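# Close look at the chain arrangement
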Amino acid sequence: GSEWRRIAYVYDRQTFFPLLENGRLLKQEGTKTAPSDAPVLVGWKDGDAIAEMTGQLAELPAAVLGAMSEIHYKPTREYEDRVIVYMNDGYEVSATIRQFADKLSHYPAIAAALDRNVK
């Protein structure tokens, strides 16, 4: 049988709930460790918004979305879907759930992960 591929996570109850490409949030499949293989969604009450973010990760280069420790939900009066990602290099970047892919896609260093990981 076919299934969805995990491309993100959700920070809740001191555990990272595996997030599928379709936003399938697994609260029961959570872990007590930050998955360096995929991103995390810090502060998220609206799973609808979660499914949106993960959706962007399902389209953008896996390496790109893979280059980040955890994402911090920081909306604003002008960007209700403003998310601040934490690069694996130790930097802080900002993006939106609407153009999350484009946001990190424009990053030459992040996308570079695709250039290094040749397959």
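Residues numbered from 1 in each chain as written, not as in the entry; some residues may be left out. Heavy atoms only, no water.

By the method listed in its record, solution NMR, this PDB entry was determined.

### Description of unusual backbone geometry
What counts here: By definition, any uninterrupted DSSP run of H or I lasting at least four residues is a helix, any uninterrupted run of E lasting at least two residues is a strand, and each is numbered from the N terminus. Relative accessibility decides the category of a residue: with a 1.4 Å probe and only protein chains considered, values under 20% of the type maximum give buried, values over 50% give exposed, and everything between is partly exposed.
We note that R13 has phi near 60°; this positive angle belongs to a residue other than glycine. With respect to the helices and strands, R13 occurs in the loop between strand 1 (6-12) and strand 2 (15-20). Phi at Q14 is positive, roughly 55°, even though this residue is not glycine. Topologically, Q14 is positioned in the loop between strand 1 and strand 2. The exposure class of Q14 is exposed, given its relative accessible area of 72%.

### A look at the packing of aromatic side chains
Put simply, the rule reads: Centre distance within 6.5 Å is the pairing criterion for rings of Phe, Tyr and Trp, where only the six-membered ring of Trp is used; planes under 30 degrees apart are then read as stacked, over 60 as edge-to-face, and the remainder as tilted. Here, a charge over a ring means that NZ of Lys or CZ of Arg falls within 6 Å of the ring centre while also lying within 35 degrees of the ring normal.
Inspection of every chain in the model, using the stated rule, returns 2 aromatic pairs. Ring geometry for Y11 versus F16: centroids 4.2 Å apart, planes at 55°, classification tilted. Judged by relative accessible area, which is 31%, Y11 ranks as partly exposed. Since its relative accessible area comes to 4%, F16 is described here as buried. Its end group placed over the ring of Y79, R82 keeps NZ or CZ at 5.0 Å from the ring centre.

### Focus: the side chain of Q56
Note the cut-off: Residue contacts are counted whenever heavy atoms from the two residues lie within 4.5 Å of one another.
Here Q56 is to be found in helix 1 (residues 47-59). Once you skip the residues sitting within four places of it in the chain, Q56 turns out to touch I97, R98, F100 and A101.

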